[PDB]
Every structure is written in structure tokens, then in C-alpha cells.
Amino acid sequence: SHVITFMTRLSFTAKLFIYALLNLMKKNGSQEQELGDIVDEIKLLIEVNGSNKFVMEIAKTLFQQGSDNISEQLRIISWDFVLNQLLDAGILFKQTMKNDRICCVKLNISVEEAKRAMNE
Amino acid sequence: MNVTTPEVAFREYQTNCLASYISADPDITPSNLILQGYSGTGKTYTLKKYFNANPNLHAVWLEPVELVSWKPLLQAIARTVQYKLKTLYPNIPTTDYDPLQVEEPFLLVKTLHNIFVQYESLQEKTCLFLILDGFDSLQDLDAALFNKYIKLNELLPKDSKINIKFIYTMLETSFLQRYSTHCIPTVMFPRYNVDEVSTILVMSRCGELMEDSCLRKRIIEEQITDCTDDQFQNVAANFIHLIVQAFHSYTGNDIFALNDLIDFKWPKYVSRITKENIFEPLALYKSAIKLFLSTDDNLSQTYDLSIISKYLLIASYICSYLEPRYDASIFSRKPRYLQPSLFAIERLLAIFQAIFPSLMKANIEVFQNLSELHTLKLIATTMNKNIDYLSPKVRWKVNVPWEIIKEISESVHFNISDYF
Amino acid sequence: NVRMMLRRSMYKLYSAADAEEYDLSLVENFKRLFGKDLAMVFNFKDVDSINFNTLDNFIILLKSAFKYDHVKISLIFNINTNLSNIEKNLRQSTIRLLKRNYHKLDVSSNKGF
Amino acid sequence: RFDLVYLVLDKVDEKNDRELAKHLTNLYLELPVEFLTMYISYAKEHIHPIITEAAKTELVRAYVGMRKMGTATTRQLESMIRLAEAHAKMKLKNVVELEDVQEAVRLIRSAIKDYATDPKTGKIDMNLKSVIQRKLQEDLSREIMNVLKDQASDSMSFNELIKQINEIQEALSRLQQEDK
Amino acid sequence: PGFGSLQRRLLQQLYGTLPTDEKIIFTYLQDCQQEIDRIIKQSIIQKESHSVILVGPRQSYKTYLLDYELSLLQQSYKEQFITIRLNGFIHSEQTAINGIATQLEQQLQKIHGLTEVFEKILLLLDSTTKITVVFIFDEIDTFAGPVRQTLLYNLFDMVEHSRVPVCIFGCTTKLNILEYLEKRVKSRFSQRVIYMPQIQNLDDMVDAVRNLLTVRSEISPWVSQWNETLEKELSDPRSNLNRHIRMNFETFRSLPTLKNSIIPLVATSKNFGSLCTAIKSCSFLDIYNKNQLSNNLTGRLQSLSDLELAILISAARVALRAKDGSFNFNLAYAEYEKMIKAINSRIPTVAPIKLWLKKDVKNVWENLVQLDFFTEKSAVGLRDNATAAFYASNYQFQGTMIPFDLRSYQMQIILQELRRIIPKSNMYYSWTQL
Ligand SMILES: Nc1ncnc2c1ncn2[C@@H]1O[C@H](COP(=O)(O)OP(=O)(O)OP(=O)(O)O)[C@@H](O)[C@H]1O
Ligand SMILES: Nc1ncnc2c1ncn2[C@@H]1O[C@H](COP(=O)(O)OP(=O)(O)OP(=O)(O)O)[C@@H](O)[C@H]1O
């Protein structure tokens, strides 16, 4: 499908978000996942790797932007921008609550094609 | 023309950032702009201060706080711009369109296009900024409303001389994040630090109380010949530093909250000033010790109730916090932090009869006192519209906290504390 | 709600002003419309039953009137039990507005025999 | 208080079944124990290794790393020396080496399967190509293309290159396939 | 001082407001731009009815291309095209009909110096010609209201029967556009969906940056010095200024969002002499970067007072112990009371720290709800539409009536994040855990 051609060109943030969401789906045995659980599993998967300098640089760029001194964000940079981008493209369906960490994130696309795009 | 930047302190990034999106060239400035910061962060003060330093600009000030819903907001834009163009360009012969005819956002575009055509003969394109202070502070607000203002400029004829360069300010963060993908040029205000709050009120409120009526009466009464206005400022300044250190953990890092305690306690602080308090604030603090030990933000035998009234309330709290399971176990001769549960009226009367000091029975006075408590709002019901007490589906609950009832039982000599 | 409060208050204000000889713009336009200063006294006839969330917002709404120089406002509170009920439900930011200029009065029939 | 806990799991894999099956099926057709006992008795008799200064300090970081991931009581710190001595005794080295220390720590990690265990709820991964593998390979390849040419030579030994960046073969092989 | 003229040129170029003779199209966009250019000219010059949708994310230079081609056609074909603009947000289905008619009348008047309403567009043209109508739309999917899509269903029908050629374009970010365009409208639409190209290499981004930052007009002699210094910071992949872009590239690949930070750097620039010192190291995007993050959860947490933090920590402790994660004022104070007792108890006594009163904590409690650390048990939050918000403004929930000390809240920050952020110099750090 032509959707995969757009999936394969997403930024690294989108790919990591989708992969973490799929892994949480396979762990939970359910499709929708709590939004806080997703950002917790992102940290889990980032830090499960070794303390190699490449991993350290990637993590610093992702979570605290890799800035000079100003740091300590609770969630990764552009975590809202890419969430909306997936949401506004119709791929990602989310319900509306002003409480961040109790809303459920749900997928519209088929279960298989997301992995297929990620496997490419 | 280039724009001169003001000297506002503790905001020396935003006062420089607005030099980007606000300029005399309408071909550069963006069509949407957002200033985001919480209450007491100075967004209204900073924006107004910048504009008053560049008189060559043209802008319209509106407040959604007064403009309760979106319909007034649209109408005010149409009405004020119509007046503002006349004020700027009185020489141009122009006609009028009724600003009360605005019913939908399309009509605004219709009216604005009609107005802007009348100014087609202008020498140059005119950059105009529309300012709304506290956009998200609108009383009746929805997500789709803000998108209606973002894409408004491109529906105008792009060759029009008049360009509407909207300006908005937002308080919250869960509201702005829904529009992150639009990448609207945004300039940010964070909360003020403790040090800045102390300095802000020193610079702002010093001159206010140096010239109040209360002190200059007392100074003559105390016959302070050596007093000087330089001393007058520091005398008032010491009050701000002390009250901040006393109540920073109480009020927070807030300017609005502190600006009122500096008012209430001030006359009382003035009274304790004597001939011996001119030079040593430590002694003055000692005299006024009791002022700081209490917030005095409180508005001020707390509830005058009859004997029948007192037992009525005591019985109800048992109903609202004791399980129906325990009614027979405790009273028949055969959770402090939770919200109270509901109960039936028959449960109240039975317990009231059970603990009243042979039977008390239920005369008119007992029900007369019970209804008054509902009128006095010490007991709540399960309804909000067309209150009908005798409707069987309505239930009752206690609206009185534990601490008040504690003192009620003391005057009654009823030992409630042993029932839990 | 706050929307109802602003409209009804202005509706009564205009009706009284109509006998001289619906929003805050009427307050601004009052001196130009009728050539006289306006002094408004609000009578909260029964404070206890009033939704404090609505009332708290409305009081702040009226606070914008201080920009005008020809308008003066007074508030009367019918309190049944004590000041303690007000001090709980109202937001503590709002209470600091009332305390700046207030007078405390008792009107109960029973007073020291 | 147990020093080592081993989680031996059997998975239904056709490939691994043949590996085990053909081992046993041909064994019942048709070092000796004497040497093995002679070795063990010799090792217990002579070697009494002493932990060196270098081996000591690494234990602190090894234990703290498990400590911050918490059930890492001080009982498991006994295993961090008891196993260290037993490894040197097998080595017959009369002191405990840092290599013994790290291998024993790995053995504890492998016995308990920490890498395959959820740090949140303690569950175990069934499986134990990923995007994180991609980026690490991409970032590694990007730096190799610089270091290989940043030095004042057109190329260098891969052994020195690995120690220069690890402080890899697949990444450079792909570059060779692309003739870089 | 005079450099501002070149700075104005840079600022104007960054904003895309250059004249059509100077408008720049990126290489990764040129492929779709030529397809768009072909269809428009074929529909105008060859008088053929056609219909196409442009598809891509927001801030993707999508409607920008439609402006570019029309801005070029105006330079040589003033008499050939008629443009109609509609938008799904501002122009509701009630006001959509008059939107076309008013705009159509404006174009018709300046050229010369209710099914029949759709036909009257051709009737007005045919009566005055004895000019292809270029429909352009934003948010195509949004017109899927309960009212029939005759607003669009008739326009695609006109493709079959237009005596004066009718061409239709539109913008939409959904990848599921055909779900919104129902079967009855589908039968008339040519279905030439054009998904916009994506930025997929750093070479694409840097060249696009080169496209924006190049100055190809000899306005001032320092133009060469600009291009010299510009390519200095893009020739080395490890450049200080390029360092931000690669990090920008890997995080998010929408180009205009990157422009949002560069323009302040260009705008904050004061003079060419000082400009050289700043543009190379580029330390002013870091300050901007934290500015974007100043009012997040971490930013709000850092500005609280000790008492506000202490109650917050105790509030979190109740939430962690509670299975539902909820808490109230009474439980928050009780843990605050107990933790003060514990701290006081661990102190030598006297040989012959204040617990704040329950009243004074109320202001402290109000601050935490304003700053979004707490939230109500079932806080729906902002509604999507005014009609939905109308019900919310009228309905009175339970929380608006229950006492101030018993309104159930929940937490946005977990104690683990507290321990990750709270300075260890804080006295209540030891109470961050259970
Ligand atoms: N840099 C500063 N220097 C001096 N005073 C300042 C500064 N910043 C803010 N203030 C003061 O703080 C006050 C904060 O009120 P402000 O006008 O900002 O309200 P607001 O945040 O727009 O209002 P609302 O919360 O009702 O939407 C200002 O009125 C001003 O007196
Ligand atoms: N007439 C114009 N002149 C200059 N720049 C423009 C013009 N119109 C749009 N832009 C540029 O477009 C960018 C904003 O995104 P854009 O307008 O391309 O999105 P869009 O096509 O409206 O998006 P959506 O898919 O949400 O409808 C900005 O960087 C702005 O400079």
C-alpha cells in the first residue's frame, strides 16, 4: 500500500513511538495502551541498551535534546509534535482527556502493516 | 521603520523576541502569534509596555474576559477596527457597515473585505495587529474555535493594503499543545523565581505605600522630624521582604497573592510604629510579631444552635460515616478522611431518638430545626433543581466537617470519639 | 452561570436607566447615554444557595469595571450562619478582594435579650 | 541467600530439537572421572587465591548497578566474592583476577537472566531487526567513515579501530559491499 | 546599519514572500510541483476539466505550491483563470454557498473592470464570453457534515458537464481521504491523489537550508560574505551550526518547524559585524530550545515553594499507595502532618519546624491545581466544538458542589519522576520514595 511508502519516511521519533507502542501491545495482549505506559516503555527500551557512547548520545538527543546544560525533561523532545502528527494523519486515534496519563492511544491501521513498514 | 525594544526586567528574551514577529513591514510579520505564560507572569504587562514604547504601531486591544463568548469577540474586532481606521485616516471619505450584523466568522471576512476595499487607494500596505489578552481565558471555549482564527488571513484578498496580523496570549499548556503541529511562532513566559518576586514588589509597591494616608497621620502623631522619603521607602520595603519571607511558603511565588496581604496588614503594621520603631525594624518586628504569626486572610460558639438542633446534627454525622451494618450492633440493647455517604431520613430520626437524653418523639420543632439546617446548608440533599423535600428519591448527607462537630459534642457532653 | 448573570444584571440596569427621564459596554456607555454617574449596589439575597463557582467567576468579571472612572460598585451579602461558610467555598484569591473594604453587621432579632 | 539461581527453560523449536535429539540418539549405540576428581582434589589442595586491588574496585560498580535496578540484597554480594575465588581456583591462579570477577558477575546475570527480565514487573521475554539496531549501526557507520579518514592515513588496522571507538565488523563489511 | 536592507531581504526570503520570479522550489518538491504545474495549465490552456487532491501533513508546504503556480499564471494569464477559495473551518456549510457567490462576483467585476446557483456560474461566464474556474479547497475531509456534500458533490459532477472548464484542488492531511469522500462523491471525482514527498535525507534538509539561506541578488556587497560564511558552516558535517540541524533532522523532519527557530536568530541579529560571531557557534537556538520547554511539567515543578513541594510529595505518596491513584485534601494533610512529626521526632530534645494550620494550606492547595500538577478525578477537559461546550457550561458536575476538602484529584507526576528531578539538596528528597 502507498501508506507504507510514507511510513518508511517518518522521523526517528515516529518510528520509535510506533515500535514501542507495538511492543507494549504484544506485552499487554491488547491494542490500546495508556499514554503514560508508552512514554515509560520508551525510556525502558532506550536504557535497556548498553552505556555505549552512541546510546548515550541518542538518549541525550531524545530526552533532554542534548542541550548544553538546561535539561531534565520528563518526556522526550517533540513527544507532542509527533504524537499530533500521527494523530492528525488519521493513523493514530486518541481520546480526549486533560489528564495526560490516563488516556488510551489506539491505532487505526492494520496490525500487520505497521510491523511491515518497521521491518523495511 | 525599525522597532525599539523596551527595558522590561525578568523578561529580557520575550521583549527581544517580539522584535521578530512585530515590525513595520507587513510582508515579513506572520499571520498568527502566541504568547504563553501563567497568571502573574506579566504577559499583559509586558505586551502593553512594549507597544507604548513604539507609538508608530497600530493595534487593537480586546479582552475575552469581558467579551464573555465568541460572538462579542468577533463583533468587537469589527467595531473597533472600523473606529480605529477612522481615527488613523479621518481624511478618507468612507461609509459604515453595522458591526452588530456579525453572526458567523464568514460575515467577518465579508465585512472586513468590504471595509478594506474602501481603503484600496492607500499609499502602502498597512500592517495591523489585533491583540487579545488571555485567549484561553474565554469563559465558553472549545478546541475548534482557535483554528478558526489561525487560517483567517489567507481568506482575505492577498493584495489588500490592510493586513490583519493577529496576536494572542495563552495561559494554559494542555490547551496550546493541541496546536503544536501548526508550528505557530511562539514566545514563552515561565513562572517567576522567588528572587524576582521580591524585587518586583519592591520596585512596584514602594511608591504606593510611601504616600498613603495612614502613615502620614501617624508620623505627625509620633512627631518624627528626622523622617525622609528615602527612609520612607525602606520602611515600606522592609515590610515587603518580611511578609514575603513569612508567607512565601503560604502564597507561593505569586505576585497577586502578596499584593493583598501588603494591603490588609499594612494599617495594623502602621499602628505599632512608635517613636522607638523609626530606626530599628527588629524592634518594630517585635512589636508587630502577632501580625506575621497568622495569615489574617481569614474573613474574621461558631454556630448558634438550639438543643434540638445540636443533637440533630450529631446524629446525622453518624449516618454519613457509619455503615448501616453497625446501626443495630451499637445502638440497640440486643474513614475520617473519606467523603460522607448518603442516608435516608428514617435513619436520622431513629438515631436522633436513640441518643437524645422518656422518648423525645418528633414534634413540629424537631422538623422545624431540621429544615433550618438544610436552609443553613449544614446538610445537603441529592438535587439541584426544583427542590421537593417529600419526593421519596431524595437522600441526605452531612456537609459539616469533623472538627466543627468535635466542639459541638463538647458543649453537649456527648462522647462521639468512643463510637469509632 | 456567568453568562446569565451579566445579561440579567444589565437588563435590570437598563430598565432603571430607562426611567431616568446587555453587557459591560452598557456600563462603559452609561455616562454618554444618560449623562450621569452610575453607582451599583448588588444585593446577594441568599448567599448560601448560590453556586460559588459561578459567583467566584462573576465577582472577578465585575472587577474589570474599575477601569471606568464613572462607575462605583457595592456588594451586600445575606449570610445566615457565619463567615466560615464563605471562607471555605470561595477561592482564597477572591476573598482578598472582599476583605479590602468590608463592614460586618448582625441583624438577627435575638440580640442579648 | 542462595548464591546462584538458574532459570533453565525449554522452548518448542524444531531446529533446537534436532540439535538435542541427534546428540542423544547416537550416544546409546554399540576427560575421565579419574582425571576430573584428580584435578578438583589438586585445586582444592593448593590454591588459596587473594582478591587483588583492581578486582576489588570493580565489584562496587557491579553491585551498585544491580542495586539501582530494584531485590539486590547484600546476600548477592557474597556471591560476588565466593564465585570470584572459585574461578581463580579453577584457573589455579593464586590470586583472583579481574577477569574472574567480571565473568562471575556475568554468570550471575546469565543465571538469573537479567537481560531478559522486565525491570518493571519482573516478567521474562519469550524471544530472549530493530530500529534501535538501525540507528546504532547508522551512527557507528557514520563515525567509522570519519575516523578511518580523520587519521593521517587512507586506512588503518581494524583491531586498532575497534579499540578506538569501543572505548563493527558487520558495519565495515557493509561499507566494503558499498565500496566505501 | 545599512546591512538591515540585506537582513530584510533575508527575513523576507525566509518568510516565502519573495516575488514569483524569485520563489524557490526544493529539489525534493520539484517532482510534484511539475505535475501540479502540468495539470493546471492543461486545464486552463487546453480547457479540460480535472480534479486532484494534494495530500501531506500540516506545515508541509502543501497549499504553498498552489499559490506558487497561480502567482506565476497571474504574470502572463490574467484573463485565463478564475479562482475560488474555501476552508472547512471558517466557512461552515451554511455560509459556504455565499462564500463562492461573493468571491465569484468580485472576480467577475474586476475582469471586466438551488441547483441553478451552481449552473449560474457557467451562465454568467457564457453570457460574458459570447476562462477555466480553478477551485481550490483547504481541509477537504472537513466538509463531511450531516448535510449532503453537494457543496463538493455538485462540483465534481460539473467536471462531466462544464461548458466552461472546471478544475478542483484541495488540501487534507488524512491518509484516509476516501473514507470522507463517500461513494456518491467518489463516482464523480477523478481520484488523482498526490501524496506529498517527504524529507528523508540530511542532504535534502541541508540543501533546502541552502535554498533558503542563499542570497542570489546583489543587493549589498556583503552578499558574497554572507554566502561565504554560510557555506563555511555547511561544508563541515561537524559544524557548530550544522550540529543543530542534524539533531533537528533526526528528531523531526518538518522543515517549517525548523524555520520557526532560525528566523529569531536572524531577527535577533543586530549588525553584520556581530552577526559573524553568533551564526557560527549558534548558541541562541539552545536558549530558544529551553524556551519551548520552560512551561512543561519540569519547568513548573522547579518554581514551587518548599511547602507547596512538601504537600505535593505527600499528595503523591497517597496516590502511590492508593490503587486508583486518587487522593484528597484530608489525606494530603494527614501525610503532611505525619511527615512533619517524623522529621521533628528525629531530633535531640531539650535539657531545661512548624506544622502549618489546615486553613493556611488552602492557598497552597489552590496553587497546585492551577499549575496542573493535580487534576480532577474525571476531568474531561477542553471540548472540541462550541455546541459540546454549551452542554458543559450548563451542566453542574459533582465536583462543583462537594466541599473543597473532599474533591478527588489525580497526579501528573509520578514519585519516580519527582526523585529524578527534585534536587538532592532538598530536605524532603529523602521522602520522595515511600
Ligand atoms: N517584569 C515585571 N516588572 C514589574 N512588574 C511586573 C513584571 N511582570 C509582571 N509584573 C506585574 O505583575 C502583574 C501580573 O498581572 P498581569 O497584567 O500579567 O495579568 P495576566 O497574567 O495577564 O492576567 P490573567 O491571569 O487574569 O489572565 C502585572 O500587572 C505587573 O504589575
Ligand atoms: N503566500 C505565502 N507566502 C509565503 N509563505 C507562505 C505562503 N503561504 C504559505 N506559506 C508558508 O507555508 C508555511 C505554513 O504551512 P502551509 O501554509 O504550507 O500549510 P498548509 O498547506 O496550509 O497545510 P494544511 O495541510 O494544514 O492545510 C509557512 O512556512 C509559510 O511561510
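Every number in this text was worked out from the coordinates using simple rules, so none of it is lab data. Cβ coordinates were reconstructed from backbone atoms using ideal geometry, including for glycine residues, and neighbour counts include every protein chain displayed.
Before moving on, here are some points about what is shown:
- The one condition from (1) within 14 Å of chain C (Cβ to nearest Cβ); (2) in a helix (DSSP H, G or I) that B:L67 does not meet is (2).
- Of everything listed in (1) surrounded by fewer than 17 Cβ atoms within 10 Å (Cβ to Cβ); (2) away from chain B (no Cβ under 14 Å); (3) not small (G, A, S), the single unmet condition for E:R246 is (1).
- Among residues of segment B:352-388, those that are in contact with a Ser or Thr (Cβ under 8 Å, 6 or more places away or on another chain), of a type outside the set (A, V, I, L, M, F, W, C) and under 14 Å from C:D48 (Cα atoms), counted: 3
- Residue match in segment B:170-177 (condition: of a type outside the set (A, V, I, L, M, F, W, C) and more than 9 Å from chain E (Cβ to nearest Cβ)): yes
- Once segment B:392-409 is narrowed to residues that are surrounded by fewer than 11 Cβ atoms within 10 Å (Cβ to Cβ) and under 28 Å from C:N89 (Cα atoms), the residue that is farthest from the other protein chains (Cβ to nearest Cβ) is B:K393.
- Selection from segment E:370-403 of residues that are within 21 Å of E:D324 (Cβ to Cβ) and within 12 Å of chain A (Cβ to nearest Cβ): E:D372, E:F373, E:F374, E:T375, E:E376, E:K377, E:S378, E:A379, E:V380, E:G381
- Residue match in segment B:240-261 (condition: within 14 Å of chain E (Cβ to nearest Cβ), among the charged types (D, E, K, R) and either outside any helix (DSSP H, G or I) or under 23 Å from C:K99 (Cα atoms) (or both)): yes
- Meets criteria (more than 13 Å from chain B (Cβ to nearest Cβ) and surrounded by 20 or more Cβ atoms within 10 Å (Cβ to Cβ)) for E:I311: no
- Search result, residues across segment A:66-88 that are assigned to a loop (DSSP other than H, G, I, E, B) and among the hydrophobic types (A, V, I, L, M, F, W, C): A:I70, A:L74, A:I76, A:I77
- Residues of segment E:89-113 that turn out to be closer than 21 Å to E:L70 by Cα and of a type outside the set (A, V, I, L, M), as a count: 10
- Residue among B:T15, B:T80 that is within 15 Å of ligand 1 (Cβ to nearest atom) and either among the hydroxyl-bearing types (S, T, Y) or more than 30 Å from E:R8 (Cα to Cα) (or both): B:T15
- Any hit, segment E:18-28, residues being more than 9 Å from ligand 2 (Cβ to nearest atom), within 14 Å of another protein chain (Cβ to nearest Cβ), of a type in the set (D, E) and more than 28 Å from A:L10 (Cβ to Cβ): yes
- Verdict on B:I164 being within 16 Å of ligand 2 (Cβ to nearest atom), of a type in the set (A, V, I, L, M), more than 30 Å from C:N57 (Cα to Cα) and surrounded by 14 or more Cβ atoms within 10 Å (Cβ to Cβ): yes
- Residue in segment B:212-270 that is farthest from E:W365 (Cα to Cα), counting only those that are of a type in the set (D, E) and away from ligand 1 (no atom under 16 Å from the Cβ): B:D226
- Only one of C:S93, C:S74 that is within 24 Å of C:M4 (Cβ to Cβ), among the hydroxyl-bearing types (S, T, Y) and facing chain B (nearest Cβ under 8 Å): C:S93
- Selection of segment E:337-364 for residues being more than 11 Å from chain B (Cβ to nearest Cβ) and within 26 Å of B:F256 (Cα to Cα) yields only E:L355.
- Scanning segment A:89-120 for residues that are in a helix (DSSP H, G or I), within 13 Å of chain E (Cβ to nearest Cβ) and of a type in the set (D, E, K, R) turns up A:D100, A:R101, A:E113.
- Pairs are defined by a Cβ separation below 6 Å, a sequence spacing of at least 6 or placement on different chains, a first member in segment B:325-342 that is within 14 Å of another protein chain (Cβ to nearest Cβ), and a second member that is among the polar types (S, T, N, Q); the pairs so defined are B:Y337/E:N330; B:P340/B:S320; B:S341/B:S320.
- Single match in B:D98, B:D140, B:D136 (criterion: closer than 26 Å to C:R3 by Cβ and more than 11 Å from chain E (Cβ to nearest Cβ)): B:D98
- B:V60 being more than 30 Å from E:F284 (Cα to Cα) and more than 16 Å from ligand 2 (Cβ to nearest atom): yes
- Residues being part of a helix (DSSP H, G or I) and under 17 Å from A:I77 (Cα atoms) - total across segment A:1-18: 7
- Candidates D:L136, D:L128, D:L107 - the one that is assigned to a helix (DSSP H, G or I) and either at the interface with chain A (Cβ under 10 Å from one of its Cβ atoms) or within 30 Å of D:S173 (Cβ to Cβ) (or both): D:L136
- Given (1) more than 21 Å from the chain's Cα centre (by Cα); (2) facing another protein chain (nearest Cβ under 7 Å); (3) crowded, with 21+ Cβ neighbours inside 10 Å, number of the condition E:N295 does not satisfy: (1)
- Residues in segment B:224-241 that are under 11 Å from B:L201 (Cα atoms) and not hydrophobic (A, V, I, L, M, F, W, C): B:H241 only.
- Looking across segment B:133-146, the residues that are surrounded by 18 or more Cβ atoms within 10 Å (Cβ to Cβ) and over 18 Å from the mean Cα position of the chain (by Cα) come down to B:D142, B:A143, B:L145, B:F146.
- Out of B:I224, B:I219, B:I162, B:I184, sole residue that is closer than 30 Å to B:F116 by Cβ, more than 14 Å from chain E (Cβ to nearest Cβ) and among the β-branched types (V, I, T): B:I162
- Restricting segment B:122-159 to residues that are within 16 Å of ligand 1 (Cβ to nearest atom) and aliphatic (A, V, I, L, M), the residue that is farthest from B:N52 (Cα to Cα): B:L141
- On inspection, E:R253 passes the criterion of being under 24 Å from the mean Cα position of the chain (by Cα), within 26 Å of E:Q59 (Cβ to Cβ) and not in a helix (DSSP H, G or I).
- Scan of segment B:1-57 for residues that are outside any loop (DSSP other than H, G, I, E, B), away from ligand 2 (no atom under 16 Å from the Cβ) and not hydrophobic (A, V, I, L, M, F, W, C), ordered by number: B:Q14, B:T15, B:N16, B:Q36, B:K43, B:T44, B:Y45, B:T46, B:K48, B:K49, B:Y50
- Qualifying residue in segment E:162-172 (condition: within 13 Å of chain B (Cβ to nearest Cβ), away from ligand 2 (no atom under 16 Å from the Cβ), among the basic types (K, R) and more than 34 Å from the chain's Cα centre (by Cα)): no
- Counted residues, segment B:172-214 - those being outside any loop (DSSP other than H, G, I, E, B), among the hydroxyl-bearing types (S, T, Y) and within 16 Å of ligand 2 (Cβ to nearest atom): 2
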